[PDB]
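Engineer: this one's experimental. Sequence and coordinates below.
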Amino acid sequence: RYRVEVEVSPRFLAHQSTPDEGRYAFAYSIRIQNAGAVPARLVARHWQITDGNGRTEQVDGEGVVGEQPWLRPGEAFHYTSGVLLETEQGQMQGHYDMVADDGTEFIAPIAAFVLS
């Protein structure tokens with residue numbers, strides 16, 4: 001009864017980034033699709049980004065970009081985000097906290113993609 005698959009596609013931004021000064025800019029799009037039986041919404045988000053040097057940065061905010069979308073079964077939500085990286089390579093994994101209408105609590109892990 002609880003299922004949510006999210007897909008993210010990053011892309012290098014050479015026109016809006018200067019890697020020569022240690023400034024790499026990657027833009028990624030988020031695709032939240034609800035595959036559970038009961039409607040669910042995203043109330044919180046926590047990204048665990050780890051760079052090629054082992055150091056990692058954790059970020060915690062509300063549901064998504066300041067909104068708590070109520071994804072209904074079969075429906076999906078999508079928005080564009082922007083993050084900056086110190087190097088031209090890196091791996092980012094994270095999860096989304098969601099809640100069913102009945103109050104059941106559960107998170108939606110986000111697959112780990114790489115940037116190059």
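Structural biologist: That came through fine. Numbering: from 1, shown residues only.

Engineer: hang on, residue 111 in a strand?
Structural biologist: Yes: according to DSSP: H, G, I helix; E, B strand; the rest coil, residue 111 belongs to a strand.

Engineer: separation between it and residue 7?
Structural biologist: Using CB to CB, to the nearest Å, one gets 8 Å for the distance from residue 111 to residue 7. Where you see a C-beta, it was placed from the backbone N, CA and C, and this is true even at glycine.

Engineer: do residue 50 as well
Structural biologist: Shown here: residue 50 relative to residue 7, a distance of 20 Å by CB to CB.

Engineer: equivalent analysis for residue 37, please.
Structural biologist: With distances defined as CB to CB, the gap from residue 37 to residue 7 amounts to 21 Å.

Engineer: equivalent analysis for residue 104, please.
Structural biologist: Taken as CB to CB, the spacing of residue 104 relative to residue 7 amounts to 23 Å.

Engineer: likewise residue 19?
Structural biologist: Taken as CB to CB, the spacing of residue 19 relative to residue 7 amounts to 26 Å.

Engineer: swap in residue 71?
Structural biologist: 14 Å.

Engineer: do the same with residue 69
Structural biologist: For residue 69, the distance to residue 7 (CB to CB) stands at 15 Å.

Engineer: who has more neighbours, those two?
Structural biologist: residue 69 (20 against 14; other CB atoms under 10 Å).
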